[PDB]
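Asker: Structure file model_33.cif (mmCIF, N, CA and C atoms and all ligand atoms) is given on the next line.
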data_protein
#
loop_
_atom_site.label_atom_id
_atom_site.label_comp_id
_atom_site.auth_asym_id
_atom_site.auth_seq_id
_atom_site.Cartn_x
_atom_site.Cartn_y
_atom_site.Cartn_z
N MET A 1 21.56 -53.21 -67.11
CA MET A 1 22.28 -52.03 -66.64
C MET A 1 23.53 -52.44 -65.86
N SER A 2 24.67 -51.85 -66.22
CA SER A 2 25.93 -52.18 -65.58
C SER A 2 26.06 -51.44 -64.25
N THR A 3 27.10 -51.81 -63.49
CA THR A 3 27.38 -51.14 -62.23
C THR A 3 27.72 -49.66 -62.45
N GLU A 4 28.59 -49.37 -63.41
CA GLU A 4 28.91 -47.98 -63.71
C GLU A 4 27.68 -47.21 -64.19
N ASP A 5 26.82 -47.86 -64.98
CA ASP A 5 25.62 -47.17 -65.45
C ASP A 5 24.69 -46.84 -64.29
N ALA A 6 24.52 -47.79 -63.36
CA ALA A 6 23.68 -47.53 -62.20
C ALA A 6 24.24 -46.38 -61.37
N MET A 7 25.55 -46.38 -61.13
CA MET A 7 26.15 -45.30 -60.35
C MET A 7 26.01 -43.96 -61.07
N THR A 8 26.23 -43.95 -62.38
CA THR A 8 26.14 -42.70 -63.14
C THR A 8 24.76 -42.08 -63.00
N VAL A 9 23.71 -42.89 -63.08
CA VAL A 9 22.35 -42.36 -63.02
C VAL A 9 21.93 -42.04 -61.59
N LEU A 10 22.31 -42.89 -60.62
CA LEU A 10 21.65 -42.89 -59.32
C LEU A 10 22.47 -42.34 -58.17
N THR A 11 23.79 -42.45 -58.21
CA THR A 11 24.60 -42.25 -57.01
C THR A 11 24.94 -40.77 -56.82
N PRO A 12 24.57 -40.16 -55.69
CA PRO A 12 24.95 -38.76 -55.46
C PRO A 12 26.45 -38.57 -55.60
N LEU A 13 26.83 -37.46 -56.22
CA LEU A 13 28.23 -37.08 -56.31
C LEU A 13 28.76 -36.68 -54.94
N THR A 14 29.84 -37.32 -54.52
CA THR A 14 30.53 -37.03 -53.28
C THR A 14 31.64 -36.00 -53.51
N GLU A 15 32.27 -35.57 -52.42
CA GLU A 15 33.42 -34.69 -52.56
C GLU A 15 34.58 -35.40 -53.26
N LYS A 16 34.78 -36.68 -52.98
CA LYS A 16 35.81 -37.41 -53.72
C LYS A 16 35.46 -37.50 -55.20
N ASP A 17 34.18 -37.70 -55.52
CA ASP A 17 33.75 -37.64 -56.92
C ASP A 17 34.10 -36.29 -57.54
N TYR A 18 33.83 -35.21 -56.81
CA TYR A 18 34.11 -33.87 -57.35
C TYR A 18 35.59 -33.65 -57.60
N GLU A 19 36.46 -34.23 -56.76
CA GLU A 19 37.89 -34.15 -57.05
C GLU A 19 38.20 -34.77 -58.40
N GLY A 20 37.54 -35.89 -58.72
CA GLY A 20 37.72 -36.51 -60.03
C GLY A 20 37.13 -35.69 -61.17
N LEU A 21 35.94 -35.11 -60.97
CA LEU A 21 35.34 -34.28 -62.01
C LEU A 21 36.20 -33.05 -62.29
N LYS A 22 36.77 -32.45 -61.23
CA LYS A 22 37.68 -31.33 -61.40
C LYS A 22 38.88 -31.72 -62.25
N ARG A 23 39.42 -32.92 -62.02
CA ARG A 23 40.55 -33.39 -62.81
C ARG A 23 40.16 -33.62 -64.27
N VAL A 24 38.97 -34.20 -64.51
CA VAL A 24 38.48 -34.38 -65.88
C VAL A 24 38.35 -33.03 -66.57
N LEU A 25 37.67 -32.09 -65.92
CA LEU A 25 37.46 -30.78 -66.54
C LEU A 25 38.78 -30.07 -66.83
N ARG A 26 39.71 -30.07 -65.87
CA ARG A 26 41.00 -29.44 -66.12
C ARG A 26 41.75 -30.10 -67.27
N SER A 27 41.62 -31.42 -67.43
CA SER A 27 42.31 -32.08 -68.54
C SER A 27 41.74 -31.64 -69.87
N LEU A 28 40.43 -31.39 -69.94
CA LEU A 28 39.86 -30.85 -71.17
C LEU A 28 40.35 -29.44 -71.42
N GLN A 29 40.36 -28.61 -70.37
CA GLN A 29 40.78 -27.21 -70.53
C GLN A 29 42.23 -27.11 -71.01
N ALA A 30 43.06 -28.09 -70.67
CA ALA A 30 44.46 -28.12 -71.05
C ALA A 30 44.70 -28.77 -72.41
N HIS A 31 43.67 -29.37 -73.01
CA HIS A 31 43.85 -30.08 -74.26
C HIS A 31 44.10 -29.11 -75.42
N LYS A 32 44.95 -29.56 -76.36
CA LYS A 32 45.28 -28.76 -77.54
C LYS A 32 44.04 -28.29 -78.30
N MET A 33 43.02 -29.13 -78.36
CA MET A 33 41.81 -28.84 -79.14
C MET A 33 40.73 -28.13 -78.33
N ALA A 34 41.04 -27.63 -77.13
CA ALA A 34 40.02 -26.99 -76.32
C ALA A 34 39.86 -25.50 -76.61
N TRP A 35 40.73 -24.90 -77.41
CA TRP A 35 40.71 -23.45 -77.61
C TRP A 35 39.34 -22.91 -78.05
N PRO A 36 38.51 -23.63 -78.84
CA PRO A 36 37.21 -23.04 -79.20
C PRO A 36 36.25 -22.90 -78.03
N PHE A 37 36.47 -23.64 -76.94
CA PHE A 37 35.43 -23.92 -75.95
C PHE A 37 35.76 -23.39 -74.57
N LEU A 38 36.86 -22.68 -74.41
CA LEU A 38 37.28 -22.28 -73.07
C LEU A 38 36.37 -21.21 -72.49
N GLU A 39 35.81 -20.36 -73.33
CA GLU A 39 34.99 -19.23 -72.92
C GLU A 39 33.74 -19.21 -73.78
N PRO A 40 32.68 -18.55 -73.31
CA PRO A 40 31.44 -18.51 -74.10
C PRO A 40 31.67 -17.95 -75.50
N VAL A 41 30.89 -18.46 -76.45
CA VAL A 41 30.90 -17.91 -77.80
C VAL A 41 30.55 -16.42 -77.74
N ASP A 42 31.36 -15.61 -78.40
CA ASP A 42 31.10 -14.18 -78.49
C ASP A 42 30.21 -13.92 -79.70
N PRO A 43 29.21 -13.05 -79.60
CA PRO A 43 28.37 -12.79 -80.77
C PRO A 43 29.17 -12.32 -81.97
N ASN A 44 30.28 -11.62 -81.75
CA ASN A 44 31.13 -11.21 -82.87
C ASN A 44 31.76 -12.40 -83.58
N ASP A 45 31.87 -13.55 -82.91
CA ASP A 45 32.37 -14.77 -83.55
C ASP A 45 31.41 -15.32 -84.60
N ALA A 46 30.11 -15.02 -84.48
CA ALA A 46 29.02 -15.60 -85.26
C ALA A 46 27.73 -14.87 -84.89
N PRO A 47 27.35 -13.83 -85.64
CA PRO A 47 26.32 -12.90 -85.13
C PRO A 47 24.96 -13.53 -84.86
N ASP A 48 24.59 -14.61 -85.55
CA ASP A 48 23.29 -15.24 -85.33
C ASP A 48 23.33 -16.37 -84.30
N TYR A 49 24.46 -16.55 -83.60
CA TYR A 49 24.63 -17.73 -82.77
C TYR A 49 23.57 -17.83 -81.68
N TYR A 50 23.34 -16.74 -80.95
CA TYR A 50 22.48 -16.83 -79.77
C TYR A 50 21.00 -16.79 -80.12
N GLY A 51 20.67 -16.59 -81.39
CA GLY A 51 19.30 -16.76 -81.84
C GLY A 51 19.05 -18.18 -82.29
N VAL A 52 20.13 -18.93 -82.51
CA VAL A 52 20.05 -20.30 -83.00
C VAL A 52 20.27 -21.31 -81.88
N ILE A 53 21.29 -21.10 -81.06
CA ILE A 53 21.68 -22.06 -80.03
C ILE A 53 20.92 -21.72 -78.75
N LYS A 54 20.01 -22.60 -78.33
CA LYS A 54 19.12 -22.27 -77.22
C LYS A 54 19.78 -22.45 -75.86
N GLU A 55 20.72 -23.38 -75.74
CA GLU A 55 21.35 -23.69 -74.46
C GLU A 55 22.86 -23.67 -74.64
N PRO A 56 23.45 -22.48 -74.77
CA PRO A 56 24.91 -22.40 -74.92
C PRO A 56 25.61 -22.98 -73.71
N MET A 57 26.84 -23.46 -73.93
CA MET A 57 27.67 -23.95 -72.85
C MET A 57 29.13 -23.83 -73.26
N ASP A 58 30.00 -23.75 -72.26
CA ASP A 58 31.43 -23.57 -72.44
C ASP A 58 32.13 -24.09 -71.19
N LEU A 59 33.45 -24.27 -71.30
CA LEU A 59 34.18 -24.90 -70.20
C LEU A 59 34.35 -23.97 -69.00
N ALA A 60 34.36 -22.65 -69.22
CA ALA A 60 34.42 -21.74 -68.08
C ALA A 60 33.14 -21.78 -67.27
N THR A 61 31.99 -21.86 -67.94
CA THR A 61 30.73 -22.00 -67.22
C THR A 61 30.70 -23.32 -66.45
N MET A 62 31.20 -24.40 -67.06
CA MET A 62 31.27 -25.66 -66.34
C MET A 62 32.19 -25.56 -65.14
N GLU A 63 33.31 -24.83 -65.28
CA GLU A 63 34.23 -24.68 -64.16
C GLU A 63 33.54 -23.99 -62.99
N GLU A 64 32.74 -22.96 -63.28
CA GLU A 64 31.98 -22.28 -62.23
C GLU A 64 30.99 -23.23 -61.58
N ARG A 65 30.27 -24.00 -62.40
CA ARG A 65 29.27 -24.93 -61.88
C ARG A 65 29.92 -26.01 -61.03
N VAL A 66 31.08 -26.52 -61.46
CA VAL A 66 31.79 -27.50 -60.65
C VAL A 66 32.20 -26.90 -59.30
N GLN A 67 32.78 -25.69 -59.32
CA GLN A 67 33.22 -25.11 -58.05
C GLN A 67 32.04 -24.86 -57.10
N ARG A 68 30.87 -24.52 -57.65
CA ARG A 68 29.69 -24.27 -56.83
C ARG A 68 28.93 -25.55 -56.46
N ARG A 69 29.44 -26.72 -56.85
CA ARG A 69 28.82 -28.02 -56.55
C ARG A 69 27.40 -28.06 -57.11
N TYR A 70 27.26 -27.57 -58.34
CA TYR A 70 25.97 -27.48 -59.01
C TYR A 70 25.40 -28.87 -59.30
N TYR A 71 26.26 -29.81 -59.67
CA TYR A 71 25.81 -31.13 -60.09
C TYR A 71 25.59 -32.05 -58.89
N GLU A 72 24.45 -32.75 -58.91
CA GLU A 72 24.16 -33.79 -57.93
C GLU A 72 24.40 -35.19 -58.48
N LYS A 73 24.27 -35.37 -59.79
CA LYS A 73 24.44 -36.67 -60.42
C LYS A 73 25.36 -36.54 -61.62
N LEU A 74 26.13 -37.59 -61.88
CA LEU A 74 27.07 -37.56 -62.99
C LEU A 74 26.37 -37.26 -64.31
N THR A 75 25.15 -37.79 -64.50
CA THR A 75 24.41 -37.54 -65.74
C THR A 75 24.31 -36.05 -66.05
N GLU A 76 24.18 -35.22 -65.01
CA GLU A 76 24.00 -33.78 -65.20
C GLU A 76 25.30 -33.12 -65.67
N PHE A 77 26.43 -33.54 -65.10
CA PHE A 77 27.74 -33.09 -65.57
C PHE A 77 27.96 -33.48 -67.03
N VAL A 78 27.68 -34.74 -67.36
CA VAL A 78 27.85 -35.21 -68.73
C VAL A 78 26.94 -34.44 -69.69
N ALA A 79 25.71 -34.14 -69.25
CA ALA A 79 24.78 -33.42 -70.12
C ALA A 79 25.28 -32.01 -70.45
N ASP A 80 25.81 -31.28 -69.45
CA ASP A 80 26.37 -29.97 -69.73
C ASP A 80 27.56 -30.07 -70.68
N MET A 81 28.46 -31.02 -70.43
CA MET A 81 29.63 -31.16 -71.30
C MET A 81 29.21 -31.48 -72.72
N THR A 82 28.25 -32.40 -72.87
CA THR A 82 27.80 -32.81 -74.18
C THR A 82 27.16 -31.66 -74.94
N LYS A 83 26.53 -30.72 -74.23
CA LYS A 83 25.98 -29.53 -74.87
C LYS A 83 27.05 -28.76 -75.63
N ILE A 84 28.26 -28.67 -75.07
CA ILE A 84 29.33 -27.92 -75.73
C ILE A 84 29.56 -28.47 -77.13
N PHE A 85 29.66 -29.79 -77.24
CA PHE A 85 29.97 -30.42 -78.52
C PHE A 85 28.75 -30.46 -79.43
N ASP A 86 27.57 -30.76 -78.87
CA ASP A 86 26.36 -30.82 -79.68
C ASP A 86 26.02 -29.46 -80.27
N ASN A 87 26.15 -28.40 -79.47
CA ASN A 87 25.90 -27.05 -79.98
C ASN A 87 26.84 -26.74 -81.13
N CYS A 88 28.12 -27.08 -80.97
CA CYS A 88 29.12 -26.78 -81.98
C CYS A 88 28.82 -27.50 -83.29
N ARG A 89 28.49 -28.79 -83.21
CA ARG A 89 28.18 -29.51 -84.44
C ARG A 89 26.85 -29.07 -85.03
N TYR A 90 25.91 -28.63 -84.19
CA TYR A 90 24.62 -28.16 -84.70
C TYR A 90 24.80 -26.92 -85.57
N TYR A 91 25.63 -25.99 -85.11
CA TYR A 91 25.76 -24.69 -85.75
C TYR A 91 26.70 -24.71 -86.95
N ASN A 92 27.79 -25.49 -86.87
CA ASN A 92 28.92 -25.34 -87.78
C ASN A 92 28.93 -26.41 -88.87
N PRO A 93 29.53 -26.10 -90.02
CA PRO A 93 29.80 -27.14 -91.02
C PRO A 93 30.91 -28.05 -90.53
N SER A 94 30.93 -29.27 -91.08
CA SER A 94 31.83 -30.29 -90.54
C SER A 94 33.29 -30.00 -90.83
N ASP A 95 33.60 -29.11 -91.78
CA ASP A 95 34.98 -28.73 -92.04
C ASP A 95 35.39 -27.45 -91.30
N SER A 96 34.55 -26.96 -90.39
CA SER A 96 34.95 -25.84 -89.56
C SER A 96 36.01 -26.31 -88.57
N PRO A 97 37.03 -25.49 -88.30
CA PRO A 97 37.96 -25.83 -87.22
C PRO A 97 37.26 -26.11 -85.90
N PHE A 98 36.16 -25.40 -85.60
CA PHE A 98 35.43 -25.65 -84.35
C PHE A 98 34.87 -27.07 -84.33
N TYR A 99 34.27 -27.48 -85.45
CA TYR A 99 33.66 -28.80 -85.56
C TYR A 99 34.71 -29.90 -85.39
N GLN A 100 35.85 -29.74 -86.08
CA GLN A 100 36.94 -30.71 -85.96
C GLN A 100 37.44 -30.80 -84.53
N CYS A 101 37.55 -29.66 -83.84
CA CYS A 101 37.96 -29.70 -82.43
C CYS A 101 36.92 -30.39 -81.56
N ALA A 102 35.64 -30.16 -81.85
CA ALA A 102 34.59 -30.81 -81.07
C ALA A 102 34.67 -32.32 -81.20
N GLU A 103 34.97 -32.81 -82.41
CA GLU A 103 35.08 -34.25 -82.60
C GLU A 103 36.22 -34.82 -81.78
N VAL A 104 37.38 -34.17 -81.81
CA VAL A 104 38.53 -34.66 -81.05
C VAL A 104 38.29 -34.51 -79.56
N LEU A 105 37.86 -33.33 -79.13
CA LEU A 105 37.73 -33.11 -77.70
C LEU A 105 36.63 -33.97 -77.10
N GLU A 106 35.56 -34.26 -77.85
CA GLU A 106 34.54 -35.13 -77.29
C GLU A 106 35.07 -36.56 -77.13
N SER A 107 35.86 -37.05 -78.09
CA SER A 107 36.40 -38.40 -77.94
C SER A 107 37.34 -38.47 -76.74
N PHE A 108 38.08 -37.40 -76.50
CA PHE A 108 38.95 -37.31 -75.32
C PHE A 108 38.11 -37.32 -74.05
N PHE A 109 37.04 -36.53 -74.03
CA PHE A 109 36.14 -36.53 -72.89
C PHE A 109 35.58 -37.93 -72.62
N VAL A 110 35.15 -38.63 -73.67
CA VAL A 110 34.61 -39.98 -73.51
C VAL A 110 35.64 -40.90 -72.86
N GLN A 111 36.90 -40.83 -73.32
CA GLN A 111 37.97 -41.60 -72.70
C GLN A 111 38.10 -41.26 -71.21
N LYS A 112 38.17 -39.97 -70.88
CA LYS A 112 38.37 -39.56 -69.49
C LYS A 112 37.15 -39.89 -68.64
N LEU A 113 35.96 -39.71 -69.21
CA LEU A 113 34.73 -40.04 -68.49
C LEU A 113 34.69 -41.53 -68.14
N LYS A 114 35.11 -42.39 -69.07
CA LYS A 114 35.15 -43.82 -68.79
C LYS A 114 36.11 -44.13 -67.66
N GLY A 115 37.29 -43.49 -67.68
CA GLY A 115 38.24 -43.67 -66.60
C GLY A 115 37.67 -43.22 -65.27
N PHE A 116 36.96 -42.08 -65.28
CA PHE A 116 36.35 -41.59 -64.05
C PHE A 116 35.30 -42.57 -63.53
N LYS A 117 34.43 -43.07 -64.40
CA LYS A 117 33.41 -44.02 -63.94
C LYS A 117 34.05 -45.28 -63.36
N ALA A 118 35.13 -45.75 -63.97
CA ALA A 118 35.79 -46.94 -63.44
C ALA A 118 36.39 -46.67 -62.06
N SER A 119 37.06 -45.53 -61.91
CA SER A 119 37.63 -45.14 -60.62
C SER A 119 36.57 -45.07 -59.53
N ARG A 120 35.38 -44.59 -59.88
CA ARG A 120 34.28 -44.46 -58.94
C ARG A 120 33.73 -45.81 -58.49
N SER A 121 33.79 -46.81 -59.37
CA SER A 121 33.25 -48.13 -59.11
C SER A 121 34.22 -49.03 -58.35
N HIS A 122 35.46 -48.60 -58.18
CA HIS A 122 36.45 -49.37 -57.43
C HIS A 122 37.62 -48.48 -57.04
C1 LIG A 201 35.33 -17.01 -77.34
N1 LIG A 201 35.63 -17.38 -78.47
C2 LIG A 201 34.89 -18.59 -78.76
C3 LIG A 201 35.24 -19.13 -80.18
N2 LIG A 201 34.52 -20.44 -80.34
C4 LIG A 201 33.44 -20.49 -81.29
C5 LIG A 201 33.15 -19.31 -82.13
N3 LIG A 201 32.04 -19.38 -83.09
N4 LIG A 201 31.23 -20.58 -83.22
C6 LIG A 201 30.16 -20.63 -84.19
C7 LIG A 201 31.51 -21.77 -82.42
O1 LIG A 201 30.85 -22.76 -82.52
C8 LIG A 201 32.62 -21.68 -81.45
BR1 LIG A 201 32.99 -23.20 -80.37
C9 LIG A 201 36.65 -19.32 -80.33
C10 LIG A 201 37.35 -18.06 -80.04
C11 LIG A 201 38.89 -18.23 -80.32
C12 LIG A 201 39.78 -18.50 -79.29
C13 LIG A 201 41.13 -18.65 -79.56
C14 LIG A 201 41.61 -18.50 -80.86
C15 LIG A 201 40.72 -18.23 -81.89
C16 LIG A 201 39.36 -18.08 -81.62
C17 LIG A 201 37.04 -17.62 -78.58
#
Just dump the structure as structure tokens.
Ligand SMILES: CN1C[C@H](Nc2cnn(C)c(=O)c2Br)C[C@H](c2ccccc2)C1
Answerer:
Amino acid sequence: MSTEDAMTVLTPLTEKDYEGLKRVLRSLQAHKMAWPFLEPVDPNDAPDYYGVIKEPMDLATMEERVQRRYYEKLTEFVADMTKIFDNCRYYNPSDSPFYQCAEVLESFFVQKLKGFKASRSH
């Protein structure tokens, strides 16, 4: 287990950590490929969605959770974010615009998450 891995699993999120998480989340919200994920899926977008997707997630809900200091550990923040992309790929065909955006935006998140973990470790 690496130093960043130990911190990700074990280390309580501080206020300085939250400043970094806020920056990560805002960078996703500003990304060109974030348009599918800014607000909860509307049933009119896909009528069977909420009977299929058990744990919906979106960036506005994450923004609320970040402001309320919902997360105690980085793993929990990452798990909510990963739900956004996993739900999208679960429901949609791979040539859906939503699916293509999930692929790009998740790779962007992974880049930013790595930067955040490094900043936290030094
Ligand atoms: C709220 N709602 C969520 C939609 N995201 C969706 C819709 N349906 N399904 C099945 C999805 O996986 C996603 Br993500 C995108 C939509 C929009 C937003 C901007 C421009 C076009 C469409 C805004």
Asker: May I have the residues within 6 Å of ligand LIG 201 (chain A), computed using only C-alpha atoms and all ligand atoms, as a PDB file with N, CA and C atoms, in the frame of the given file?
Answerer:
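Resulting contents of out.pdb:
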ATOM      1  N   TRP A  35      40.730 -24.900 -77.410  1.00  0.00           N
ATOM      2  CA  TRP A  35      40.710 -23.450 -77.610  1.00  0.00           C
ATOM      3  C   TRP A  35      39.340 -22.910 -78.050  1.00  0.00           C
ATOM      4  N   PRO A  36      38.510 -23.630 -78.840  1.00  0.00           N
ATOM      5  CA  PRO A  36      37.210 -23.040 -79.200  1.00  0.00           C
ATOM      6  C   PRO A  36      36.250 -22.900 -78.030  1.00  0.00           C
ATOM      7  N   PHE A  37      36.470 -23.640 -76.940  1.00  0.00           N
ATOM      8  CA  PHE A  37      35.430 -23.920 -75.950  1.00  0.00           C
ATOM      9  C   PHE A  37      35.760 -23.390 -74.570  1.00  0.00           C
ATOM     10  N   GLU A  39      35.810 -20.360 -73.330  1.00  0.00           N
ATOM     11  CA  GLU A  39      34.990 -19.230 -72.920  1.00  0.00           C
ATOM     12  C   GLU A  39      33.740 -19.210 -73.780  1.00  0.00           C
ATOM     13  N   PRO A  40      32.680 -18.550 -73.310  1.00  0.00           N
ATOM     14  CA  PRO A  40      31.440 -18.510 -74.100  1.00  0.00           C
ATOM     15  C   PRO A  40      31.670 -17.950 -75.500  1.00  0.00           C
ATOM     16  N   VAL A  41      30.890 -18.460 -76.450  1.00  0.00           N
ATOM     17  CA  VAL A  41      30.900 -17.910 -77.800  1.00  0.00           C
ATOM     18  C   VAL A  41      30.550 -16.420 -77.740  1.00  0.00           C
ATOM     19  N   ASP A  42      31.360 -15.610 -78.400  1.00  0.00           N
ATOM     20  CA  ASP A  42      31.100 -14.180 -78.490  1.00  0.00           C
ATOM     21  C   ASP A  42      30.210 -13.920 -79.700  1.00  0.00           C
ATOM     22  N   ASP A  45      31.870 -13.550 -82.910  1.00  0.00           N
ATOM     23  CA  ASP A  45      32.370 -14.770 -83.550  1.00  0.00           C
ATOM     24  C   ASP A  45      31.410 -15.320 -84.600  1.00  0.00           C
ATOM     25  N   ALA A  46      30.110 -15.020 -84.480  1.00  0.00           N
ATOM     26  CA  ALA A  46      29.020 -15.600 -85.260  1.00  0.00           C
ATOM     27  C   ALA A  46      27.730 -14.870 -84.890  1.00  0.00           C
ATOM     28  N   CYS A  88      28.120 -27.080 -80.970  1.00  0.00           N
ATOM     29  CA  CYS A  88      29.120 -26.780 -81.980  1.00  0.00           C
ATOM     30  C   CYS A  88      28.820 -27.500 -83.290  1.00  0.00           C
ATOM     31  N   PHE A  98      36.160 -25.400 -85.600  1.00  0.00           N
ATOM     32  CA  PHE A  98      35.430 -25.650 -84.350  1.00  0.00           C
ATOM     33  C   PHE A  98      34.870 -27.070 -84.330  1.00  0.00           C
TER      34      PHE A  98
END
Asker: Choose the residue, out of A:75, A:44, A:64, A:34, that has the smallest atom-to-atom separation from residue 8 (chain A); count all atoms listed in the file.
Answerer: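 Of all the options, A:75 lies closest to residue 8 (chain A).
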Asker: Take CA of residue 56 (chain A) and atom N of residue 84 (chain A) and report the distance between them in Å, one decimal.
Answerer: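 Between CA of residue 56 (chain A) and atom N of residue 84 (chain A) the gap works out to 7.1 Å.
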Asker: Ranking A:5, A:11, A:25, A:33 by minimum distance to residue 62 (chain A) and counting only N, CA and C atoms, which one comes first?
Answerer: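 Ranked by minimum distance to residue 62 (chain A), first place goes to A:25.
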Asker: Using only C-alpha atoms - which residues lie no farther than 12 Å from the point (27.9, -50.2, -61.5) in the file's frame? Write them as JSON, numbers by chain.
Answerer: {"A": [1, 2, 3, 4, 5, 6, 7, 8, 9, 10, 11, 117, 118, 119, 120, 121, 122]}
Asker: Which is closer to residue 14 (chain A) than all the others in A:106, A:48, A:72, A:80, using all atoms listed in the file?
Answerer: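 That would be A:72, the residue with the smallest distance to residue 14 (chain A).
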Asker: Please identify which residues in region 16-67 of chain A DSSP calls helix (DSSP H, G or I) from the backbone, and express them as a PyMOL selection string.
Answerer: chain A and resi 16-29+32-37+43-45+49-52+59-67
Asker: Please rebuild region 54-71 of chain A with N, CA, C and O atoms and give the result as a PDB file, in the frame of the given file.
Answerer:
ATOM      1  N   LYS A  54      20.010 -22.600 -78.330  1.00  0.00           N
ATOM      2  CA  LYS A  54      19.120 -22.270 -77.220  1.00  0.00           C
ATOM      3  C   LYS A  54      19.780 -22.450 -75.860  1.00  0.00           C
ATOM      4  O   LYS A  54      19.419 -21.740 -74.915  1.00  0.00           O
ATOM      5  N   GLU A  55      20.720 -23.380 -75.740  1.00  0.00           N
ATOM      6  CA  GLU A  55      21.350 -23.690 -74.460  1.00  0.00           C
ATOM      7  C   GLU A  55      22.860 -23.670 -74.640  1.00  0.00           C
ATOM      8  O   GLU A  55      23.513 -24.714 -74.643  1.00  0.00           O
ATOM      9  N   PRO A  56      23.450 -22.480 -74.770  1.00  0.00           N
ATOM     10  CA  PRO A  56      24.910 -22.400 -74.920  1.00  0.00           C
ATOM     11  C   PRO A  56      25.610 -22.980 -73.710  1.00  0.00           C
ATOM     12  O   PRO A  56      25.072 -23.011 -72.596  1.00  0.00           O
ATOM     13  N   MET A  57      26.840 -23.460 -73.930  1.00  0.00           N
ATOM     14  CA  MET A  57      27.670 -23.950 -72.850  1.00  0.00           C
ATOM     15  C   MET A  57      29.130 -23.830 -73.260  1.00  0.00           C
ATOM     16  O   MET A  57      29.458 -23.824 -74.449  1.00  0.00           O
ATOM     17  N   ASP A  58      30.000 -23.750 -72.260  1.00  0.00           N
ATOM     18  CA  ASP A  58      31.430 -23.570 -72.440  1.00  0.00           C
ATOM     19  C   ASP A  58      32.130 -24.090 -71.190  1.00  0.00           C
ATOM     20  O   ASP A  58      31.494 -24.313 -70.156  1.00  0.00           O
ATOM     21  N   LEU A  59      33.450 -24.270 -71.300  1.00  0.00           N
ATOM     22  CA  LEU A  59      34.180 -24.900 -70.200  1.00  0.00           C
ATOM     23  C   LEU A  59      34.350 -23.970 -69.000  1.00  0.00           C
ATOM     24  O   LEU A  59      34.482 -24.444 -67.868  1.00  0.00           O
ATOM     25  N   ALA A  60      34.360 -22.650 -69.220  1.00  0.00           N
ATOM     26  CA  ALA A  60      34.420 -21.740 -68.080  1.00  0.00           C
ATOM     27  C   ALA A  60      33.140 -21.780 -67.270  1.00  0.00           C
ATOM     28  O   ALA A  60      33.166 -21.727 -66.032  1.00  0.00           O
ATOM     29  N   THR A  61      31.990 -21.860 -67.940  1.00  0.00           N
ATOM     30  CA  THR A  61      30.730 -22.000 -67.220  1.00  0.00           C
ATOM     31  C   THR A  61      30.700 -23.320 -66.450  1.00  0.00           C
ATOM     32  O   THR A  61      30.275 -23.358 -65.284  1.00  0.00           O
ATOM     33  N   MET A  62      31.200 -24.400 -67.060  1.00  0.00           N
ATOM     34  CA  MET A  62      31.270 -25.660 -66.340  1.00  0.00           C
ATOM     35  C   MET A  62      32.190 -25.560 -65.140  1.00  0.00           C
ATOM     36  O   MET A  62      31.898 -26.122 -64.074  1.00  0.00           O
ATOM     37  N   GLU A  63      33.310 -24.830 -65.280  1.00  0.00           N
ATOM     38  CA  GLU A  63      34.230 -24.680 -64.160  1.00  0.00           C
ATOM     39  C   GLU A  63      33.540 -23.990 -62.990  1.00  0.00           C
ATOM     40  O   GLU A  63      33.710 -24.401 -61.832  1.00  0.00           O
ATOM     41  N   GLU A  64      32.740 -22.960 -63.280  1.00  0.00           N
ATOM     42  CA  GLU A  64      31.980 -22.280 -62.230  1.00  0.00           C
ATOM     43  C   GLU A  64      30.990 -23.230 -61.580  1.00  0.00           C
ATOM     44  O   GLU A  64      30.849 -23.267 -60.351  1.00  0.00           O
ATOM     45  N   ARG A  65      30.270 -24.000 -62.400  1.00  0.00           N
ATOM     46  CA  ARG A  65      29.270 -24.930 -61.880  1.00  0.00           C
ATOM     47  C   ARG A  65      29.920 -26.010 -61.030  1.00  0.00           C
ATOM     48  O   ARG A  65      29.401 -26.375 -59.969  1.00  0.00           O
ATOM     49  N   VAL A  66      31.080 -26.520 -61.460  1.00  0.00           N
ATOM     50  CA  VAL A  66      31.790 -27.500 -60.650  1.00  0.00           C
ATOM     51  C   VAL A  66      32.200 -26.900 -59.300  1.00  0.00           C
ATOM     52  O   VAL A  66      31.961 -27.490 -58.242  1.00  0.00           O
ATOM     53  N   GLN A  67      32.780 -25.690 -59.320  1.00  0.00           N
ATOM     54  CA  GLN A  67      33.220 -25.110 -58.050  1.00  0.00           C
ATOM     55  C   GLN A  67      32.040 -24.860 -57.100  1.00  0.00           C
ATOM     56  O   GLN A  67      32.195 -24.962 -55.879  1.00  0.00           O
ATOM     57  N   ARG A  68      30.870 -24.520 -57.650  1.00  0.00           N
ATOM     58  CA  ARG A  68      29.690 -24.270 -56.830  1.00  0.00           C
ATOM     59  C   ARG A  68      28.930 -25.550 -56.460  1.00  0.00           C
ATOM     60  O   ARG A  68      27.907 -25.467 -55.765  1.00  0.00           O
ATOM     61  N   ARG A  69      29.440 -26.720 -56.850  1.00  0.00           N
ATOM     62  CA  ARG A  69      28.820 -28.020 -56.550  1.00  0.00           C
ATOM     63  C   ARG A  69      27.400 -28.060 -57.110  1.00  0.00           C
ATOM     64  O   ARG A  69      26.458 -28.534 -56.462  1.00  0.00           O
ATOM     65  N   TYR A  70      27.260 -27.570 -58.340  1.00  0.00           N
ATOM     66  CA  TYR A  70      25.970 -27.480 -59.010  1.00  0.00           C
ATOM     67  C   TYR A  70      25.400 -28.870 -59.300  1.00  0.00           C
ATOM     68  O   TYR A  70      24.190 -29.087 -59.171  1.00  0.00           O
ATOM     69  N   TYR A  71      26.260 -29.810 -59.670  1.00  0.00           N
ATOM     70  CA  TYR A  71      25.810 -31.130 -60.090  1.00  0.00           C
ATOM     71  C   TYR A  71      25.590 -32.050 -58.890  1.00  0.00           C
ATOM     72  O   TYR A  71      26.426 -32.128 -57.988  1.00  0.00           O
TER      73      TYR A  71
END
